[PDB]
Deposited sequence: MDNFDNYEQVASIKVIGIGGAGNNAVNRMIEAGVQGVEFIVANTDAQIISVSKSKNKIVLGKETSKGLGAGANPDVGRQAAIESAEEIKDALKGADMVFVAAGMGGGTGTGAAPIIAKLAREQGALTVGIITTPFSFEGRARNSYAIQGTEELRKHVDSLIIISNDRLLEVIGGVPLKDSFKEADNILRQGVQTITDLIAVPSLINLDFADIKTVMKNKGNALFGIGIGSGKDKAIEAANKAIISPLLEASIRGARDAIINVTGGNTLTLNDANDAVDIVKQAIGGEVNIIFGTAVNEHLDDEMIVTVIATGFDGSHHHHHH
């Protein structure tokens, strides 16, 4: 009977081990390690390691992998004790943060020096987690690869299939000023909606096929980006973006849905813009006050 251990490192690895326990994976001992003692406390695993207990003190490592690496080096002997006797160790972690990125290679090294067949299985971050977290993941992937027998890499980008966020907020307003279309707004109109207004609200929604206007305008008004708060606003800008075949009536039908949701006496400017859309119509809103 082979002795098999899975050690999940950092938050992603801790949640993956939770999923394995919950799905009844048999034949395996589970261990979780983290610099954050909070995640560790709600773990379903009965083998719990707080990394860097004397230095990070269970408070978490933050963003820098160097802290997670130093944390695991400090806990080397307790990691060896938990893994002792394994024929095979899986090191599970999400690349991109301070703990999994930096601690996973140290734990793999200790498992393999103990004599275990050591397999890393990791994720890499969404591109829209940004360059710092993706760059860290690249470096941690290579360091882990040095210390595992085999390395399995699962891309969160690809797992998607099976962001333009800041771009879309900007274009929402600027296409209506600088790119002539069916309906546009003067710069002075934007300025009155947005001068000295404080917090503004962004929503978005898309709708394919006929009556795509009703569908897209309804998704926009309850977009999670709005956080369920659109009604009452004193002013609001509405962008209706679509393809070549975009009737001014479809635009008016979309804006109608939203004027109802806003309220009474709401200054609602709006306009259009054409994009590269098979009956697919996108509605964005920004509302203030």
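Unmodelled regions (deposited sequence positions with no C-alpha coordinates, counted from 1) are 1-9, 172-184, 299, 313-322.
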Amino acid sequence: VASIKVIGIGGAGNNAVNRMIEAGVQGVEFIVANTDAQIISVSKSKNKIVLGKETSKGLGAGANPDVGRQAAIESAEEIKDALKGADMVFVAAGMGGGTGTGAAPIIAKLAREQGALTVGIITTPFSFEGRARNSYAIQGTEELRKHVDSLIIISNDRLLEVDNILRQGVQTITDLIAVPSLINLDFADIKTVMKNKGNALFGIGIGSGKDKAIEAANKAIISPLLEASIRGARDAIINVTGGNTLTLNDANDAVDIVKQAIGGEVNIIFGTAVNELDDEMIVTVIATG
From here on, numbers count along this sequence of modelled residues.
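As listed in the deposited structure, the average C-alpha B-factor of 96-104 and of 199-207 is greater for 199-207. Averaged over their C-alpha atoms, the temperature factors of 69-77 and 211-219 are higher for 211-219. Of the candidates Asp186, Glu129, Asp149, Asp157, the PDB record gives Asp186 the highest C-alpha temperature factor. Highest C-alpha temperature factor among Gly140, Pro180, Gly115, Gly120 per the entry: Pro180. Annotation for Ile282: CA B-factor lies in the highest third of the chain's modelled residues. The PDB entry assigns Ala12 a C-alpha temperature factor belonging to the lowest third of its chain's modelled residues.
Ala228 sits in the highest third of its chain by CA B factor, as recorded in the PDB entry. In the PDB entry, a CA B factor belonging to the lowest third of its chain's modelled residues is recorded for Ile49. When the CA B factors of the chain's modelled residues are split into thirds, the value for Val258 lands in the highest one.
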